[PDB]
Every structure is written in structure tokens, then in C-alpha cells.
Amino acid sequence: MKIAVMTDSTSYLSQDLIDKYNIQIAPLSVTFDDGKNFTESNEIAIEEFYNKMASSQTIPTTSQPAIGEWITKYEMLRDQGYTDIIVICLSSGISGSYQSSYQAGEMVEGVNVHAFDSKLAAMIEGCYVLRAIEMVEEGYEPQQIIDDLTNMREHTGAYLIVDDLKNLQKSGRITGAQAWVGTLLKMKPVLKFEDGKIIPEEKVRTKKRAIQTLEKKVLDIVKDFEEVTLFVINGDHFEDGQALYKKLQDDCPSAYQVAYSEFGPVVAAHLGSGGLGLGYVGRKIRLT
């Protein structure tokens, strides 16, 4: 038995980890209203994506990995000698990437594919990749890994804010918000993931209080966990995520793992400007 672990590009793992563990990536892409197509990777500067999105008369659209892209990656790993492939996918509630990796795994010959629906995104999704790799090193078998990740998913989540719901509304990736649309006010929505989908949680008066609300909601949850990893995932307003990251390092005990990451182009296209998430995993994920 020889187990590989791969993922899609929305796991947003650092290039250091991708290089170290030779993590294969099925890339998602963004298409701008001028017809320019960009596949996600770590070489394109995220600041230039936000600049182009801001200069777009029409919101850019995104594409999941084609089923052929999953198949090609599966065949490449199989031909390297891997007998089993664990695949960590973007939430099935917001993208068809998972079901396409699942169906691609049915179609590829000569290798066993174990597709996993992370029901989240960004480095929180990436944490499932890092847990699977760690377990492969420890000699666990594919079903044992899938079982462990499924348990991990029960104590994993995220809350988030965005400047403007228009991007999420345009793509249909905000669930059950046909009420705070258009109207709202200077008030700020706080959203959360729930069974793979993005739903409203609370409406607060200011953005400053929304960021305080992110921390309170998450700390209230993880105080009951035996292990805790927290991820501040920042959008285009650098000072928002850096301030929350710094504050969490101060307010939390060192027994909490507190890490930082950012949104890539595909997720940023759906969030728009001002995205800021606070995610948690009830595990001590190996980040090295």
C-alpha cells in the first residue's frame, strides 16, 4: 500500500508545505469580464487579483476543476506507484469540485480514490490535507484516515464577514439571506459555515464590533475542545486580519494553536472586498 494525499487549489496551503510534501493540486480558476482566465496558484499576487476585481465592471466568475483534471492527477499518482489517493475537496455546499473528484475517482482504473468533502474552504480545508498526510506517515490505512477526518469535521467550523454581500448573492453562495439584501445599513453581517453552506449568523452595528463578534463566537465554541487550532484568514484589508491575529495571540493561551492565512482568487471572487474569516479545528494540526 502506498497512499497519496491531494487537494484542490482552494485549500490555500503555503508553497512551503506543497513543496515539502509534494502535494498535488487540482486547480480552480477565475474568469474576468475581459475574458482573461486565471488558474489558481501561489505565484500570482493576490493583491493584483483584488486590483483587477475592483476595476471590473462585472464580478468575475469561478470554475471548479474539470472532471478531466481530477482524472489526470489520479492517473499521474497511480503511475508513480500510489495505490490509494485521499482527496480533500472544497465544500460540496458551495462547489461541484467534490462531486467531480468523487465521480473521477469512480472512472480512473488501477487506483483507489477516497474523496473527502471538507464542508469548508481555505486553510481550514487545508488542515484536513495536513492531518491526512500526518496519518499516512503514522501508518494509518485509508479508511482509518477518512474516519479520523470525519470526526475532525464534527469539531471544525468558521465565522466570517465581508464588506458587501453582493458578490456572495451574485454567485448564489450565501444561503438564506434574501432579507438583508440591498437594504441593510451601516450594519455589518456576520456569516458562518453550517453543514457546508454559508448562512447568516448575526447583524452587528459596526465592522469593529463584527470582528469582536467573530472572536467571541469562536472562543465560545473551542473552549470545550481538548485541542484547538485557530486560523485567521484575511482578505484584501491587511490590517483587519493582522489585528485579529495579534489579538488572538494575546487573548488565547499558548495551548491554542493560532495561525494566519489569506484567501486566494477563487474565494475572494465570491467574498468581494473586506473578507475576513476566523476558523477553528478541534485538533492540534501539524502546520510544519
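One-based numbering along the sequence shown.
Modelling of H114 is complete across the other compared entries in which both of its neighbours are modelled; not even a third of them leave it out.
Compared with other entries of the same protein, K186 falls in the group left without coordinates by at least a third of them, where both flanks are modelled. Averaged over CA atoms, B-factors in the entry run higher in 170-178 than in the other of 84-92 and 170-178. On average the C-alpha atoms of 15-23 have higher B-factors than those of the other stretch, with 276-284 and 15-23 being the two compared.
Looking only at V204, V218, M76, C127, the residue with the top Cα B factor in the deposited structure is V204. When the Cα B-factors of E134, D117, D148, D164 are read from the PDB record, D164 comes out highest. In the deposited entry, the Cα temperature factor of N42 sits in the top third of values across the chain's modelled residues. Ranked within its chain, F238 lands in the highest third, by CA B factor from the PDB record. Per the PDB record, residue ranking by Cα B-factor puts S101 in the lowest third of the chain. When all modelled residues of the chain are sorted by CA temperature factor, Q249 is found within the highest third. Sort the modelled residues of the chain by CA B factor and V108 lands in the highest third.
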